[PDB]
Amino acid sequence: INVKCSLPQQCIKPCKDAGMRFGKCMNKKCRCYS
């Protein structure tokens with residue numbers, strides 16, 4: 001899914017359902033990481 005990009009510190013919103021905390025910004029997309 002096309003999602004904006006941002007640091008893992010401010011990616012909790014898009015990574016709330018996943019229940020993750022960390023993340024990775026790349027390819028104009030933010031990934032959720034445990």
# chains A, B, ... in the order shown; residues from 1 in each chain; ligands from 1
call {"tool": "residues_around", "arguments": {"residues": "residue 9 (chain A)", "least_positions_apart": "3", "cutoff": "12 Å", "atoms": "only C-alpha atoms", "output": "list in words"}}
result
residues 5, 6, 12, 13, 14, 15, 20, 21, 22, 23, 24, 25, 30, 31, 32 and 33 of chain A
call {"tool": "decode", "arguments": {"residues": "chain A", "atoms": "N, CA and C atoms", "output": "compact mmCIF listing (two decimals), in the first residue's frame"}}
result
# COMPACT_ATOMS: atom_id res chain seq x y z
N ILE A 1 0.82 -1.20 0.00
CA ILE A 1 0.00 0.00 0.00
C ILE A 1 0.86 1.26 0.00
N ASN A 2 0.44 2.26 -0.76
CA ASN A 2 1.17 3.52 -0.85
C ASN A 2 1.02 4.33 0.43
N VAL A 3 2.08 4.35 1.24
CA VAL A 3 2.06 5.09 2.50
C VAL A 3 3.24 6.06 2.58
N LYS A 4 3.01 7.21 3.19
CA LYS A 4 4.05 8.22 3.34
C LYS A 4 5.28 7.64 4.03
N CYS A 5 6.33 8.44 4.13
CA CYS A 5 7.57 8.00 4.77
C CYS A 5 7.92 8.91 5.95
N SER A 6 8.51 8.32 6.98
CA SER A 6 8.90 9.07 8.17
C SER A 6 9.67 8.18 9.15
N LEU A 7 10.39 8.82 10.07
CA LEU A 7 11.17 8.09 11.06
C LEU A 7 10.30 7.10 11.83
N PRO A 8 10.94 6.10 12.44
CA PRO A 8 10.24 5.07 13.22
C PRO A 8 9.66 5.62 14.52
N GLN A 9 10.13 6.80 14.92
CA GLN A 9 9.65 7.44 16.14
C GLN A 9 8.27 8.04 15.94
N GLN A 10 7.96 8.39 14.70
CA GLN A 10 6.67 8.99 14.37
C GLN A 10 5.89 8.11 13.39
N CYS A 11 6.16 6.80 13.44
CA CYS A 11 5.49 5.85 12.56
C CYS A 11 4.61 4.89 13.36
N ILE A 12 4.27 5.29 14.58
CA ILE A 12 3.44 4.47 15.45
C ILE A 12 2.01 4.39 14.92
N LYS A 13 1.53 5.50 14.37
CA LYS A 13 0.18 5.57 13.83
C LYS A 13 -0.04 4.49 12.77
N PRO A 14 0.78 4.53 11.71
CA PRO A 14 0.70 3.57 10.61
C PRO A 14 1.16 2.18 11.03
N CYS A 15 1.73 2.08 12.22
CA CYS A 15 2.22 0.81 12.74
C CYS A 15 1.58 0.49 14.09
N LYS A 16 0.32 0.89 14.25
CA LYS A 16 -0.41 0.65 15.48
C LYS A 16 -1.08 -0.73 15.45
N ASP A 17 -1.78 -1.01 14.36
CA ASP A 17 -2.47 -2.29 14.21
C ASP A 17 -1.48 -3.45 14.30
N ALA A 18 -0.28 -3.24 13.78
CA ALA A 18 0.76 -4.26 13.80
C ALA A 18 1.28 -4.48 15.22
N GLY A 19 1.13 -3.47 16.06
CA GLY A 19 1.60 -3.57 17.44
C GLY A 19 3.11 -3.45 17.55
N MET A 20 3.73 -2.88 16.52
CA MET A 20 5.18 -2.71 16.51
C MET A 20 5.57 -1.34 17.05
N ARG A 21 6.87 -1.13 17.24
CA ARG A 21 7.37 0.14 17.75
C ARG A 21 8.39 0.75 16.80
N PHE A 22 9.36 -0.05 16.38
CA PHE A 22 10.40 0.41 15.47
C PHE A 22 9.85 0.54 14.05
N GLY A 23 10.73 0.91 13.12
CA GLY A 23 10.32 1.06 11.73
C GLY A 23 11.48 1.42 10.82
N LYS A 24 11.21 1.49 9.52
CA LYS A 24 12.23 1.81 8.54
C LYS A 24 11.64 2.59 7.37
N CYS A 25 12.19 3.77 7.11
CA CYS A 25 11.72 4.62 6.02
C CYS A 25 12.54 4.38 4.76
N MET A 26 11.87 4.01 3.68
CA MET A 26 12.53 3.76 2.41
C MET A 26 11.52 3.62 1.28
N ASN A 27 11.94 3.95 0.06
CA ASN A 27 11.07 3.87 -1.10
C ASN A 27 9.78 4.66 -0.88
N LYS A 28 9.91 5.81 -0.23
CA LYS A 28 8.76 6.66 0.05
C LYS A 28 7.70 5.91 0.84
N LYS A 29 8.14 4.93 1.63
CA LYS A 29 7.22 4.13 2.44
C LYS A 29 7.84 3.81 3.80
N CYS A 30 6.99 3.72 4.82
CA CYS A 30 7.46 3.42 6.17
C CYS A 30 7.09 1.99 6.56
N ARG A 31 8.10 1.20 6.92
CA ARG A 31 7.88 -0.19 7.31
C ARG A 31 7.84 -0.32 8.83
N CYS A 32 7.01 -1.24 9.32
CA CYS A 32 6.88 -1.46 10.75
C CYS A 32 7.79 -2.59 11.22
N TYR A 33 8.56 -2.33 12.27
CA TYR A 33 9.48 -3.32 12.81
C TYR A 33 9.29 -3.48 14.31
N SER A 34 9.40 -4.71 14.79
CA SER A 34 9.24 -5.00 16.21
C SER A 34 10.14 -4.10 17.06
